[PDB]
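Chains as they are written, first to last, in the numbering used here: chain A, 5 to 88; chain B, 326 to 413. Don't be surprised by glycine CBs; every beta carbon is placed ideally from N, CA and C. In what follows, a structure is listed as structure tokens, so that the remarks can point back to it.
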Amino acid sequence: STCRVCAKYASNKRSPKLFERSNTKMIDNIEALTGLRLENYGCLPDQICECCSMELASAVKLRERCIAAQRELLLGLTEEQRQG
Amino acid sequence: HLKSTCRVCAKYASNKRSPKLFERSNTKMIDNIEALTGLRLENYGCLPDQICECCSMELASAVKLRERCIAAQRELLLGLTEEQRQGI
Ligand SMILES: [Zn+2]
Ligand SMILES: [Zn+2]
């Protein structure tokens with residue numbers, strides 16, 4: 005019934021389970037975004053809501069696009085322009 | 326192309342609707358980009374110096390989620406009784 009990521013209502017049905025040894029992707033993406041390793045505790049929620057899943061997928065895509073774009077722009081340059 | 330390129334996605338950017346990253350009004354965006362990616366982007370004459378509209382929107386949305394997630398972990402910990410909390 006509660007989302008571990010935004011602490012609001014979920015569904016306990018259409019809310020994916022964060023810790024299900026296969027969406028370790030989600031926990032990885034959360035740590036990459038926030039610098040927090042979320043741990044499975046009995047007294048905390050174990051679910052992510054659909055809205056949080058979607059925004060997380062979007063933020064990861066932008067992060068990867070941004071890193072790859074800095075390498076692509078670097079290659080577009082002449083060897084001289086390459087500095088710092 | 327430099328004038329019409331997004332520094333964040335390397336694709337076309339509308340000059341007039343692309344905020345200039347390295348100006349005082351936008352220093353928060355360089356920090357948001359570093360929080361998201363781990364990269365501190367730098368102002369060089371030979372690299373684009375604007376963020377396109379599409380990148381600005383997705384970046385704003387990524388920041389909101391980042392902050393909500395950090396604050397949600399605090400709020401769940403306070404939502405516990407002291408005996409529950411002794412766990413973390
Ligand atoms: Zn949520
Ligand atoms: Zn862009």
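Min CB distance residue i to chain A below 8 Å
i, result
"B/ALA397", "yes"
"B/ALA338", "no"
"B/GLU400", "yes"
"B/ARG349", "no"
"B/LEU403", "no"
Contact with chain B by residue i, beta-carbon distance below 8 Å
i, result
"A/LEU22", "no"
"residue 4 of chain A", "Limits of chain A in this structure are 5 at one end and 88 at the other, which puts residue 4 of chain A out of reach."
"A/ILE31", "no"
Assigned secondary structure, residue i (DSSP; H/G/I helix, E/B strand, else coil)
i, result
"A/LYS12", "coil"
"A/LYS17", "coil"
Check: residue i C-beta below 7 Å from any heavy atom of ligand 4
i, result
"B/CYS371", "With respect to ligand 4, the structure offers nothing, as its ligand set consists of ligand 1 and ligand 2."
Where are the beta strand (DSSP E) runs, 3 residues long or more, that stay fully inside the region 352 to 405 of chain B, in chain order? Fully enclosed beta strand (DSSP E) runs of 3 or longer: not present.
Listed in chain order, which residues of the region 37 to 62 of chain A have Cβ atoms closer than 9 Å to some Cβ of chain B? Residues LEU37, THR38, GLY39, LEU40, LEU42, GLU43, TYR45, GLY46, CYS47, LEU48, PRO49, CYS56, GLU59, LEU60 and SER62.
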